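This is run_17.json. It holds JSON, C-alpha atoms.
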```
[["chain", "number", "residue", "atom", "x", "y", "z"],
["B", 2, "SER", "CA", 0.00, 0.00, 0.00],
["B", 3, "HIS", "CA", 1.22, 3.49, -0.94],
["B", 4, "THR", "CA", 3.24, 4.80, 2.00],
["B", 5, "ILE", "CA", 4.50, 8.34, 2.57],
["B", 6, "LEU", "CA", 7.48, 8.94, 4.87],
["B", 7, "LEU", "CA", 7.89, 12.34, 6.57],
["B", 8, "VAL", "CA", 11.31, 13.18, 8.01],
["B", 9, "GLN", "CA", 12.64, 16.20, 9.90],
["B", 10, "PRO", "CA", 16.29, 15.53, 10.92],
["B", 11, "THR", "CA", 16.70, 18.52, 13.24],
["B", 12, "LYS", "CA", 14.77, 21.47, 14.67],
["B", 13, "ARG", "CA", 15.60, 23.31, 11.44],
["B", 14, "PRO", "CA", 12.27, 23.45, 9.54],
["B", 15, "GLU", "CA", 13.99, 23.68, 6.15],
["B", 16, "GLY", "CA", 15.23, 20.13, 6.65],
["B", 17, "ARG", "CA", 11.74, 18.67, 6.38],
["B", 18, "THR", "CA", 11.53, 16.22, 3.50],
["B", 19, "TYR", "CA", 9.48, 13.26, 2.34],
["B", 20, "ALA", "CA", 9.63, 10.16, 0.16],
["B", 21, "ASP", "CA", 6.96, 7.70, -0.91],
["B", 22, "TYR", "CA", 6.83, 3.99, -1.65],
["B", 23, "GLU", "CA", 4.58, 1.26, -3.04],
["B", 24, "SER", "CA", 4.52, -0.55, 0.30],
["B", 25, "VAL", "CA", 5.21, -0.36, 4.02],
["B", 26, "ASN", "CA", 8.16, -2.74, 3.70],
["B", 27, "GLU", "CA", 9.78, -0.59, 1.02],
["B", 28, "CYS", "CA", 9.24, 2.47, 3.22],
["B", 29, "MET", "CA", 10.88, 0.70, 6.17],
["B", 30, "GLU", "CA", 13.77, -0.24, 3.87],
["B", 31, "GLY", "CA", 13.94, 3.45, 3.02],
["B", 32, "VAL", "CA", 14.33, 4.39, 6.67],
["B", 33, "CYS", "CA", 17.13, 1.84, 7.03],
["B", 34, "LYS", "CA", 18.88, 3.22, 3.95],
["B", 35, "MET", "CA", 18.64, 6.72, 5.43],
["B", 36, "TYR", "CA", 20.47, 5.47, 8.54],
["B", 37, "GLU", "CA", 22.98, 3.57, 6.41],
["B", 38, "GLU", "CA", 23.77, 6.75, 4.46],
["B", 39, "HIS", "CA", 24.41, 8.52, 7.78],
["B", 40, "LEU", "CA", 26.73, 5.69, 8.85],
["B", 41, "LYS", "CA", 28.62, 5.87, 5.55],
["B", 42, "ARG", "CA", 29.23, 9.58, 6.15],
["B", 43, "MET", "CA", 30.43, 8.94, 9.71],
["B", 44, "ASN", "CA", 32.65, 6.02, 8.60],
["B", 45, "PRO", "CA", 33.92, 7.28, 5.19],
["B", 46, "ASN", "CA", 36.73, 4.74, 4.74],
["B", 47, "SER", "CA", 34.48, 1.74, 5.43],
["B", 48, "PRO", "CA", 32.87, 0.12, 2.35],
["B", 49, "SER", "CA", 30.93, -2.26, 4.60],
["B", 50, "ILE", "CA", 28.73, -0.77, 7.32],
["B", 51, "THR", "CA", 27.28, -2.96, 10.06],
["B", 52, "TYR", "CA", 24.96, -2.09, 12.93],
["B", 53, "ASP", "CA", 22.61, -3.63, 15.49],
["B", 54, "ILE", "CA", 18.90, -2.86, 15.79],
["B", 55, "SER", "CA", 19.37, -0.78, 18.94],
["B", 56, "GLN", "CA", 21.68, 1.63, 17.11],
["B", 57, "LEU", "CA", 19.11, 2.18, 14.36],
["B", 58, "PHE", "CA", 16.50, 2.76, 17.06],
["B", 59, "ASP", "CA", 18.76, 5.32, 18.73],
["B", 60, "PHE", "CA", 19.17, 7.09, 15.38],
["B", 61, "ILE", "CA", 15.41, 7.25, 14.94],
["B", 62, "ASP", "CA", 14.99, 8.64, 18.46],
["B", 63, "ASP", "CA", 17.45, 11.43, 17.66],
["B", 64, "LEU", "CA", 15.51, 12.61, 14.61],
["B", 65, "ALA", "CA", 13.42, 15.68, 15.38],
["B", 66, "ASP", "CA", 10.41, 14.06, 13.70],
["B", 67, "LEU", "CA", 9.72, 10.83, 11.85],
["B", 68, "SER", "CA", 6.30, 9.52, 10.85],
["B", 69, "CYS", "CA", 4.48, 7.90, 7.96],
["B", 70, "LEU", "CA", 1.11, 7.62, 6.26],
["B", 71, "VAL", "CA", -0.20, 4.35, 4.82],
["B", 72, "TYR", "CA", -3.02, 4.21, 2.30],
["B", 73, "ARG", "CA", -6.12, 2.31, 3.37],
["B", 74, "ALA", "CA", -8.34, 1.07, 0.54],
["B", 75, "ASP", "CA", -11.39, 0.68, 2.79],
["B", 76, "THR", "CA", -11.64, 4.43, 3.36],
["B", 77, "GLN", "CA", -9.37, 5.68, 0.57],
["B", 78, "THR", "CA", -7.46, 7.76, 3.11],
["B", 79, "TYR", "CA", -4.03, 7.61, 4.78],
["B", 80, "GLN", "CA", -3.52, 6.08, 8.21],
["B", 81, "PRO", "CA", -0.90, 7.91, 10.31],
["B", 82, "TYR", "CA", 1.78, 6.03, 12.26],
["B", 83, "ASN", "CA", 4.43, 7.36, 14.65],
["B", 84, "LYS", "CA", 8.12, 6.66, 15.36],
["B", 85, "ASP", "CA", 7.36, 3.69, 17.59],
["B", 86, "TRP", "CA", 5.26, 1.97, 14.93],
["B", 87, "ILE", "CA", 8.07, 2.54, 12.43],
["B", 88, "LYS", "CA", 10.69, 1.11, 14.79],
["B", 89, "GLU", "CA", 8.54, -2.00, 15.24],
["B", 90, "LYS", "CA", 7.90, -2.49, 11.52],
["B", 91, "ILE", "CA", 11.62, -2.17, 10.86],
["B", 92, "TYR", "CA", 12.28, -4.80, 13.51],
["B", 93, "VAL", "CA", 9.90, -7.28, 11.85],
["B", 94, "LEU", "CA", 11.49, -6.50, 8.48],
["B", 95, "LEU", "CA", 15.07, -6.98, 9.64],
["B", 96, "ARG", "CA", 14.31, -10.12, 11.65],
["B", 97, "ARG", "CA", 12.55, -11.64, 8.64],
["B", 98, "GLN", "CA", 15.40, -10.85, 6.24],
["B", 99, "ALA", "CA", 17.67, -12.45, 8.82],
["B", 100, "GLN", "CA", 15.66, -15.68, 8.91],
["B", 101, "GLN", "CA", 15.23, -15.66, 5.13],
["N", 2, "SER", "CA", -8.21, 20.31, 10.79],
["N", 3, "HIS", "CA", -4.53, 19.33, 10.75],
["N", 4, "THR", "CA", -3.32, 19.66, 7.16],
["N", 5, "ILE", "CA", -0.03, 18.44, 5.69],
["N", 6, "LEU", "CA", 1.34, 20.06, 2.52],
["N", 7, "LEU", "CA", 3.70, 18.09, 0.26],
["N", 8, "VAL", "CA", 5.76, 20.04, -2.27],
["N", 9, "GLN", "CA", 8.26, 18.98, -4.92],
["N", 10, "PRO", "CA", 9.39, 22.08, -6.90],
["N", 11, "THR", "CA", 11.25, 20.25, -9.67],
["N", 12, "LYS", "CA", 12.09, 16.75, -10.88],
["N", 13, "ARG", "CA", 14.96, 16.80, -8.39],
["N", 14, "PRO", "CA", 13.87, 14.40, -5.61],
["N", 15, "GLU", "CA", 16.02, 16.14, -2.99],
["N", 16, "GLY", "CA", 13.75, 19.17, -3.29],
["N", 17, "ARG", "CA", 10.80, 17.35, -1.73],
["N", 18, "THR", "CA", 9.65, 19.10, 1.42],
["N", 19, "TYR", "CA", 6.58, 19.45, 3.60],
["N", 20, "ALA", "CA", 4.90, 21.75, 6.09],
["N", 21, "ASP", "CA", 1.86, 21.30, 8.30],
["N", 22, "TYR", "CA", -0.90, 23.54, 9.61],
["N", 23, "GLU", "CA", -3.83, 23.63, 12.04],
["N", 24, "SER", "CA", -6.31, 24.14, 9.21],
["N", 25, "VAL", "CA", -6.93, 23.98, 5.47],
["N", 26, "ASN", "CA", -7.11, 27.78, 5.24],
["N", 27, "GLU", "CA", -3.73, 28.19, 6.92],
["N", 28, "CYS", "CA", -2.29, 25.58, 4.54],
["N", 29, "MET", "CA", -3.71, 27.47, 1.55],
["N", 30, "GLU", "CA", -2.19, 30.66, 2.97],
["N", 31, "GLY", "CA", 1.07, 28.71, 3.14],
["N", 32, "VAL", "CA", 0.89, 27.89, -0.56],
["N", 33, "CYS", "CA", 0.29, 31.56, -1.36],
["N", 34, "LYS", "CA", 3.25, 32.59, 0.78],
["N", 35, "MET", "CA", 5.42, 30.07, -1.08],
["N", 36, "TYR", "CA", 4.47, 31.76, -4.37],
["N", 37, "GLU", "CA", 4.98, 35.20, -2.84],
["N", 38, "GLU", "CA", 8.50, 34.23, -1.76],
["N", 39, "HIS", "CA", 9.21, 33.15, -5.34],
["N", 40, "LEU", "CA", 7.91, 36.51, -6.61],
["N", 41, "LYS", "CA", 10.08, 38.39, -4.13],
["N", 42, "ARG", "CA", 13.14, 36.56, -5.46],
["N", 43, "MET", "CA", 12.19, 37.32, -9.07],
["N", 44, "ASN", "CA", 11.44, 40.99, -8.26],
["N", 45, "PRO", "CA", 14.15, 41.77, -5.64],
["N", 46, "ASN", "CA", 13.80, 45.57, -5.68],
["N", 47, "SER", "CA", 10.03, 45.49, -5.17],
["N", 48, "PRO", "CA", 8.84, 45.68, -1.53],
["N", 49, "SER", "CA", 5.23, 45.23, -2.67],
["N", 50, "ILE", "CA", 4.39, 42.18, -4.78],
["N", 51, "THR", "CA", 1.05, 41.93, -6.56],
["N", 52, "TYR", "CA", -0.40, 39.13, -8.69],
["N", 53, "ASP", "CA", -3.66, 37.81, -10.12],
["N", 54, "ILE", "CA", -5.14, 34.39, -9.39],
["N", 55, "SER", "CA", -4.22, 33.02, -12.82],
["N", 56, "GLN", "CA", -0.53, 33.68, -12.18],
["N", 57, "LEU", "CA", -0.63, 31.76, -8.90],
["N", 58, "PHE", "CA", -2.41, 28.94, -10.72],
["N", 59, "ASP", "CA", 0.31, 28.92, -13.39],
["N", 60, "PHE", "CA", 2.94, 28.70, -10.65],
["N", 61, "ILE", "CA", 1.18, 25.72, -9.10],
["N", 62, "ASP", "CA", 0.96, 24.01, -12.49],
["N", 63, "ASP", "CA", 4.72, 24.39, -12.94],
["N", 64, "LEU", "CA", 5.54, 22.65, -9.66],
["N", 65, "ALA", "CA", 6.59, 19.04, -10.22],
["N", 66, "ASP", "CA", 4.22, 17.91, -7.47],
["N", 67, "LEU", "CA", 1.88, 19.60, -5.01],
["N", 68, "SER", "CA", -0.68, 17.85, -2.83],
["N", 69, "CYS", "CA", -2.04, 17.85, 0.70],
["N", 70, "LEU", "CA", -3.55, 15.64, 3.38],
["N", 71, "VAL", "CA", -6.39, 16.79, 5.64],
["N", 72, "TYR", "CA", -7.23, 15.05, 8.90],
["N", 73, "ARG", "CA", -10.73, 13.59, 9.15],
["N", 74, "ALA", "CA", -12.03, 13.03, 12.67],
["N", 75, "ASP", "CA", -14.67, 10.52, 11.56],
["N", 76, "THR", "CA", -12.03, 7.99, 10.51],
["N", 77, "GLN", "CA", -8.97, 9.47, 12.24],
["N", 78, "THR", "CA", -7.08, 9.32, 8.94],
["N", 79, "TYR", "CA", -5.88, 11.84, 6.35],
["N", 80, "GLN", "CA", -7.85, 12.62, 3.21],
["N", 81, "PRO", "CA", -5.66, 13.25, 0.15],
["N", 82, "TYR", "CA", -6.29, 16.17, -2.21],
["N", 83, "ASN", "CA", -4.55, 17.09, -5.48],
["N", 84, "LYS", "CA", -3.33, 20.28, -7.17],
["N", 85, "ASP", "CA", -6.76, 21.12, -8.56],
["N", 86, "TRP", "CA", -8.42, 20.92, -5.15],
["N", 87, "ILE", "CA", -5.69, 23.18, -3.76],
["N", 88, "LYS", "CA", -6.13, 25.72, -6.55],
["N", 89, "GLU", "CA", -9.87, 25.83, -5.83],
["N", 90, "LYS", "CA", -9.46, 26.20, -2.06],
["N", 91, "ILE", "CA", -7.00, 29.03, -2.63],
["N", 92, "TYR", "CA", -9.53, 30.71, -4.91],
["N", 93, "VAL", "CA", -12.24, 30.59, -2.24],
["N", 94, "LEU", "CA", -9.75, 31.89, 0.32],
["N", 95, "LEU", "CA", -8.55, 34.81, -1.80],
["N", 96, "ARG", "CA", -12.04, 35.78, -2.95],
["N", 97, "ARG", "CA", -13.26, 35.79, 0.65],
["N", 98, "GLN", "CA", -10.37, 37.92, 1.90],
["N", 99, "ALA", "CA", -11.19, 40.26, -0.97],
["N", 100, "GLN", "CA", -14.84, 40.60, 0.07],
["N", 101, "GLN", "CA", -13.89, 40.85, 3.76]]
```

In C-alpha cells, what does this structure look like?
Amino acid sequence: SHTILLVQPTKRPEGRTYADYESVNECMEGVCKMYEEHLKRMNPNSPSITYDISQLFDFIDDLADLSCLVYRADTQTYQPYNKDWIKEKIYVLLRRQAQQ
Amino acid sequence: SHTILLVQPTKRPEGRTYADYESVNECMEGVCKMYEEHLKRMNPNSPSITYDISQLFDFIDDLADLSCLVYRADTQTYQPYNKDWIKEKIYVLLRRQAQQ
C-alpha cells in the first residue's frame, strides 16, 4: 500500500523532507537506507557498514520528527503512524530478512 | 483540521519538502506565501508584490508535485487532495479575503 514517509532531521524546519513507496516494507527499507547513508558519512573509509537494531533505534529517536502515512483502501485515506510503529515495523522486516 | 502540505518544486527528488498547519485555510495561505516568496526573489527591488489568481495557478501548475492531506475526525485518517483541489481552495480563500 502506498506509504508516505515524513522526516525532519533537526529542529531546522527547512530540513523537512518526504519520500513515498509502493509498500510499508519498502518504506521501512527506506528508513534503514537513510540510517545507512548517515553511517557511511560517519565512517567514510568503510565500504561495509554494520549495525545492530538498537543503534538504528537510537538514530530514529534522535531525529526531530519521523512519521508515515499508509493508504487504506477501505476508506481511501491515509492512516498515520508514529516513530514507535516505524521502529517496530523495521524490527519485523530486519528479523525476517535475517531468517530468510 | 490538521493539514499536511507536500511540495516537490522540480524533478529533483532532494527538493521534496513538507509543512503542516492547524487548518486547510492556513495551509492554503502557506501555498500563497510560497508563491509570494518566489515573486520576491524574481522581483528583488520590489517591496510590494502583486499578482492575479491566474498567475498563482500557473505557478502551481509548474511545480513538479503539489498535494495535501487533511485530517478527518470521523475515521482518524488523512484525506488526500490534489493540485486542482488546492487551486480551488486558494480561490475561495482569496475571494473571501477580498470581500472581507

Report task. Please identify all polymer residues within 8 Å of residue 20 (chain B), counting all atoms listed in the file, omitting same-chain residues fewer than 2 positions from it, and present them as a list in words. Result -> residues 5, 6, 7, 18 and 22 of chain B; 17 of chain N

Report task. Kindly provide, as a count of residues only, the residues of chain N having any atom no farther than 7 Å from an atom of chain B, counting only C-alpha atoms. Result -> 7

Could you write out chain B as a tab-separated table (two decimals) with C-alpha atoms, keeping the file's coordinate frame once it has been least-squares superposed on chain N using every ordered C-alpha pair?
```
chain	number	residue	atom	x	y	z
B	2	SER	CA	-8.21	20.31	10.79
B	3	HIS	CA	-4.53	19.32	10.75
B	4	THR	CA	-3.32	19.67	7.16
B	5	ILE	CA	-0.03	18.44	5.69
B	6	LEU	CA	1.33	20.06	2.52
B	7	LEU	CA	3.70	18.08	0.26
B	8	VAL	CA	5.76	20.04	-2.27
B	9	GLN	CA	8.27	18.98	-4.92
B	10	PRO	CA	9.39	22.09	-6.90
B	11	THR	CA	11.24	20.25	-9.67
B	12	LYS	CA	12.08	16.75	-10.88
B	13	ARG	CA	14.97	16.80	-8.39
B	14	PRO	CA	13.87	14.40	-5.61
B	15	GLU	CA	16.02	16.14	-2.99
B	16	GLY	CA	13.74	19.17	-3.28
B	17	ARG	CA	10.80	17.34	-1.73
B	18	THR	CA	9.65	19.10	1.42
B	19	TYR	CA	6.58	19.44	3.60
B	20	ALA	CA	4.89	21.76	6.09
B	21	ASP	CA	1.85	21.30	8.30
B	22	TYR	CA	-0.90	23.54	9.62
B	23	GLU	CA	-3.83	23.63	12.04
B	24	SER	CA	-6.31	24.14	9.21
B	25	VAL	CA	-6.93	23.99	5.47
B	26	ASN	CA	-7.11	27.78	5.24
B	27	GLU	CA	-3.73	28.18	6.92
B	28	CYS	CA	-2.29	25.58	4.54
B	29	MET	CA	-3.71	27.47	1.55
B	30	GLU	CA	-2.18	30.66	2.97
B	31	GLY	CA	1.07	28.72	3.13
B	32	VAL	CA	0.89	27.89	-0.56
B	33	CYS	CA	0.29	31.56	-1.36
B	34	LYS	CA	3.26	32.59	0.78
B	35	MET	CA	5.42	30.07	-1.08
B	36	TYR	CA	4.47	31.77	-4.37
B	37	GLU	CA	4.98	35.21	-2.84
B	38	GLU	CA	8.50	34.23	-1.75
B	39	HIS	CA	9.22	33.15	-5.34
B	40	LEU	CA	7.91	36.50	-6.62
B	41	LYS	CA	10.08	38.40	-4.13
B	42	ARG	CA	13.14	36.56	-5.46
B	43	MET	CA	12.19	37.33	-9.07
B	44	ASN	CA	11.43	40.99	-8.25
B	45	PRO	CA	14.15	41.77	-5.64
B	46	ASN	CA	13.81	45.57	-5.68
B	47	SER	CA	10.03	45.49	-5.17
B	48	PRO	CA	8.84	45.68	-1.53
B	49	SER	CA	5.23	45.23	-2.67
B	50	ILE	CA	4.39	42.18	-4.78
B	51	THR	CA	1.05	41.93	-6.57
B	52	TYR	CA	-0.40	39.13	-8.68
B	53	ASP	CA	-3.66	37.81	-10.12
B	54	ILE	CA	-5.14	34.39	-9.39
B	55	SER	CA	-4.22	33.02	-12.82
B	56	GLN	CA	-0.53	33.67	-12.18
B	57	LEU	CA	-0.63	31.76	-8.90
B	58	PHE	CA	-2.41	28.94	-10.72
B	59	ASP	CA	0.30	28.92	-13.39
B	60	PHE	CA	2.94	28.70	-10.65
B	61	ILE	CA	1.18	25.72	-9.10
B	62	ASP	CA	0.97	24.01	-12.50
B	63	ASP	CA	4.72	24.40	-12.94
B	64	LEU	CA	5.54	22.64	-9.66
B	65	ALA	CA	6.59	19.04	-10.23
B	66	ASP	CA	4.22	17.91	-7.47
B	67	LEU	CA	1.88	19.60	-5.02
B	68	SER	CA	-0.68	17.85	-2.82
B	69	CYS	CA	-2.04	17.85	0.70
B	70	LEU	CA	-3.56	15.64	3.38
B	71	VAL	CA	-6.39	16.79	5.64
B	72	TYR	CA	-7.24	15.06	8.90
B	73	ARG	CA	-10.73	13.59	9.14
B	74	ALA	CA	-12.02	13.04	12.67
B	75	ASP	CA	-14.66	10.52	11.56
B	76	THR	CA	-12.03	7.99	10.51
B	77	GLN	CA	-8.97	9.46	12.24
B	78	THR	CA	-7.09	9.32	8.94
B	79	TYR	CA	-5.87	11.84	6.35
B	80	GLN	CA	-7.85	12.62	3.21
B	81	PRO	CA	-5.65	13.25	0.15
B	82	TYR	CA	-6.29	16.17	-2.21
B	83	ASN	CA	-4.55	17.08	-5.48
B	84	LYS	CA	-3.33	20.29	-7.17
B	85	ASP	CA	-6.76	21.12	-8.56
B	86	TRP	CA	-8.42	20.92	-5.15
B	87	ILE	CA	-5.70	23.18	-3.76
B	88	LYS	CA	-6.13	25.72	-6.55
B	89	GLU	CA	-9.87	25.82	-5.83
B	90	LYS	CA	-9.46	26.20	-2.06
B	91	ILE	CA	-7.00	29.03	-2.63
B	92	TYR	CA	-9.53	30.71	-4.91
B	93	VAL	CA	-12.24	30.59	-2.23
B	94	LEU	CA	-9.74	31.90	0.32
B	95	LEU	CA	-8.55	34.81	-1.79
B	96	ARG	CA	-12.04	35.78	-2.95
B	97	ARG	CA	-13.26	35.78	0.65
B	98	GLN	CA	-10.37	37.92	1.90
B	99	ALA	CA	-11.19	40.26	-0.96
B	100	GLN	CA	-14.84	40.60	0.07
B	101	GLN	CA	-13.89	40.85	3.75
```

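You will find CA of residue 53 (chain N) at 10.1 Å from CA of residue 95 (chain N).
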
**Report entry** d(CA of residue 85 (chain B), CA of residue 11 (chain B)) in Å
**Finding:** 18.1 Å

Report summary line: From CA of residue 65 (chain N) to CA of residue 13 (chain N) the spacing works out at 8.9 Å

Requested in this report: Name the residues in contact with residue 40 (chain B) at a cut-off of 10 Å, using only C-alpha atoms, excluding same-chain residues fewer than 6 positions from it; report them as a ChimeraX atom specification.
Outcome: /B:34,47,49-52

Reconstructed N, CA and C atoms for region 83-101 of chain N, given as a JSON list (two decimals), in the frame of the given file:
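What ended up in part.json:
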```json
[["chain", "number", "residue", "atom", "x", "y", "z"],
["N", 83, "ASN", "N", -5.53, 16.74, -4.45],
["N", 83, "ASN", "CA", -4.55, 17.09, -5.48],
["N", 83, "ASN", "C", -4.41, 18.58, -5.78],
["N", 84, "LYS", "N", -3.57, 18.90, -6.76],
["N", 84, "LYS", "CA", -3.33, 20.28, -7.17],
["N", 84, "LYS", "C", -4.60, 21.06, -7.47],
["N", 85, "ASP", "N", -5.53, 20.44, -8.20],
["N", 85, "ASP", "CA", -6.76, 21.12, -8.56],
["N", 85, "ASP", "C", -7.60, 21.52, -7.35],
["N", 86, "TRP", "N", -7.65, 20.64, -6.35],
["N", 86, "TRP", "CA", -8.42, 20.92, -5.15],
["N", 86, "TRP", "C", -7.76, 22.11, -4.44],
["N", 87, "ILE", "N", -6.43, 22.11, -4.41],
["N", 87, "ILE", "CA", -5.69, 23.18, -3.76],
["N", 87, "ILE", "C", -5.94, 24.51, -4.47],
["N", 88, "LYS", "N", -5.88, 24.50, -5.80],
["N", 88, "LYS", "CA", -6.13, 25.72, -6.55],
["N", 88, "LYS", "C", -7.51, 26.27, -6.19],
["N", 89, "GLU", "N", -8.51, 25.39, -6.14],
["N", 89, "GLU", "CA", -9.87, 25.83, -5.83],
["N", 89, "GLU", "C", -10.03, 26.36, -4.41],
["N", 90, "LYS", "N", -9.36, 25.74, -3.44],
["N", 90, "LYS", "CA", -9.46, 26.20, -2.06],
["N", 90, "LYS", "C", -8.76, 27.54, -1.89],
["N", 91, "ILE", "N", -7.72, 27.77, -2.68],
["N", 91, "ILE", "CA", -7.00, 29.03, -2.63],
["N", 91, "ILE", "C", -7.90, 30.11, -3.22],
["N", 92, "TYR", "N", -8.62, 29.76, -4.28],
["N", 92, "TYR", "CA", -9.53, 30.71, -4.91],
["N", 92, "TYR", "C", -10.59, 31.18, -3.91],
["N", 93, "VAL", "N", -11.21, 30.24, -3.21],
["N", 93, "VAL", "CA", -12.24, 30.59, -2.24],
["N", 93, "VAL", "C", -11.66, 31.43, -1.11],
["N", 94, "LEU", "N", -10.41, 31.15, -0.74],
["N", 94, "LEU", "CA", -9.75, 31.89, 0.32],
["N", 94, "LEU", "C", -9.48, 33.33, -0.11],
["N", 95, "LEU", "N", -8.88, 33.49, -1.28],
["N", 95, "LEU", "CA", -8.55, 34.81, -1.80],
["N", 95, "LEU", "C", -9.78, 35.67, -2.11],
["N", 96, "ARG", "N", -10.83, 35.04, -2.62],
["N", 96, "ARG", "CA", -12.04, 35.78, -2.95],
["N", 96, "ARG", "C", -12.74, 36.25, -1.67],
["N", 97, "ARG", "N", -12.64, 35.44, -0.62],
["N", 97, "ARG", "CA", -13.26, 35.79, 0.65],
["N", 97, "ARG", "C", -12.51, 36.94, 1.31],
["N", 98, "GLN", "N", -11.18, 36.87, 1.30],
["N", 98, "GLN", "CA", -10.37, 37.92, 1.90],
["N", 98, "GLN", "C", -10.57, 39.23, 1.14],
["N", 99, "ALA", "N", -10.95, 39.10, -0.12],
["N", 99, "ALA", "CA", -11.19, 40.26, -0.97],
["N", 99, "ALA", "C", -12.52, 40.92, -0.59],
["N", 100, "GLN", "N", -13.52, 40.10, -0.30],
["N", 100, "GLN", "CA", -14.84, 40.60, 0.07],
["N", 100, "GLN", "C", -14.95, 40.91, 1.56],
["N", 101, "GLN", "N", -13.90, 40.59, 2.32],
["N", 101, "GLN", "CA", -13.89, 40.85, 3.76],
["N", 101, "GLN", "C", -13.47, 42.29, 4.04]]
```
